[PDB]
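Read-outs: derived from the displayed coordinates by stated rules, not from any lab. Methodologically, a virtual Cβ is constructed for each residue, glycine included, from the backbone with ideal geometry; neighbour enumeration extends over all protein chains shown.
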Amino acid sequence: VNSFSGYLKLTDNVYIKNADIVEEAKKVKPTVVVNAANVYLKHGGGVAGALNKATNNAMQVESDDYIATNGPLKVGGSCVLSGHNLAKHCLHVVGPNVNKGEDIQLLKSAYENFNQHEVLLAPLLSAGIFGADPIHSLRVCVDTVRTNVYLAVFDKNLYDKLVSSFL
Ligand SMILES: O=C(O)[C@]1(F)CN(c2ncnc3[nH]c4cc(F)ccc4c23)C[C@H]1C1CC1
């Protein structure tokens, strides 16, 4: 039993809710919140900009030190950093950005990072400003992630399309 509330169950291990991931994280304080990161951990907009703003820019300060030490992530890769006031940990995962011409097949590799964590609160990778089809992203999620994932979808219209079209 866990503290996630109001989710629709899609499969044995995947759950979905129309929610603001920032508000959901502040209420649940999950062990892991997933950020929709880029390789530079520059959290300017989308999910990343919202999560960072909610940390009063502490996420960005920590991220800049991480990059200065380690260099950029790989597309499809991840790193674990602090969850600040939102979660114990933040798993920064880089899905391909279609608006940068990155290979959509890397979306599966991105979701494989979730399997290193028993339970996660997450957005749909590569959705939103990353330019992928969220229906495709949900399919890859369900077919790749084996651990327990609670997906927060900000847009109510999109949440209903995702549910209604789910096979
Ligand atoms: O970055 C994008 O465009 C997204 F679509 C946004 N979306 C979200 N998902 C769940 N909660 C969200 N709260 C927010 C608050 C904001 F001010 C802006 C975006 C969100 C948001 C996932 C993200 C996709 C991986 C690309």
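Extending each Cα 7 Å along its Cβ direction at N56 and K29, get the distance between those two points in nm, one decimal.
Here the modelled spin labels are 1.7 nm apart.
Using a basic spin-label model with each label point 7 Å from the Cα along Cα→Cβ, how many nm lie between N13 and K88?
1.8
Can you give the calculated 222 nm mean residue ellipticity of the chain, where each DSSP H run of n ≥ 4 adds -39,500 (n - 2.57) and the sum is split over every residue, rounded to the nearest 500 deg cm²/dmol?
Helix contribution divided over all residues of the chain: -10000 deg cm²/dmol.
Within segment 89-167, list the GluC sites (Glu not before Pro) lying in a DSSP loop whose Cβ has at most 14 other Cβ atoms in a 10 Å radius.
Taking segment 89-167 and a limit of 14 other Cβ atoms within 10 Å, the loop GluC sites (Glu not before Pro) found are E118.
Quick one: check the C-alpha center-to-center distance for segment 75-115 versus segment 21-52, whole angstrom.
Computed from Cα coordinates, the inter-centre distance equals 11 Å.
Straight-line reach from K9: which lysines have a Cα under 19 Å away, not including same-chain ones fewer than 8 places off?
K17, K156, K161
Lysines within cross-link reach of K74: Cα-Cα under 18 Å, excluding same-chain residues under 8 positions apart?
Excluding near neighbours in sequence, the set is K42, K100, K108.
Please list, by residue number, everything in segment 101-121 whose backbone N is under 11 Å from a paramagnetic label point 7 Å out along Cα→Cβ of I67.
none
Sorted from fewest to most neighbouring beta carbons within 10 Å, what does the list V163, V94, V14 look like?
So the ranking, lowest neighbour count to highest, is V163, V14, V94.
Work out how much length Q116 to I129 would gain on full extension: take 0.36 nm times their residue separation and subtract the Cα-Cα distance, in nm to one decimal.
2.1 nm
Cα atoms only: what Rg and Dmax, in Å, come out for segment 8-165?
Rg, Dmax (Cα atoms, Å): 14.2, 45.
What is segment 8-165's relative contact order, in percent, from Cα pairs under 8 angstrom and six or more apart in sequence?
RCO, segment 8-165: 30 percent.
So how far apart, in nm, are the two label points at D160 and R146 if each is 7 Å from Cα heading toward Cβ?
3.7
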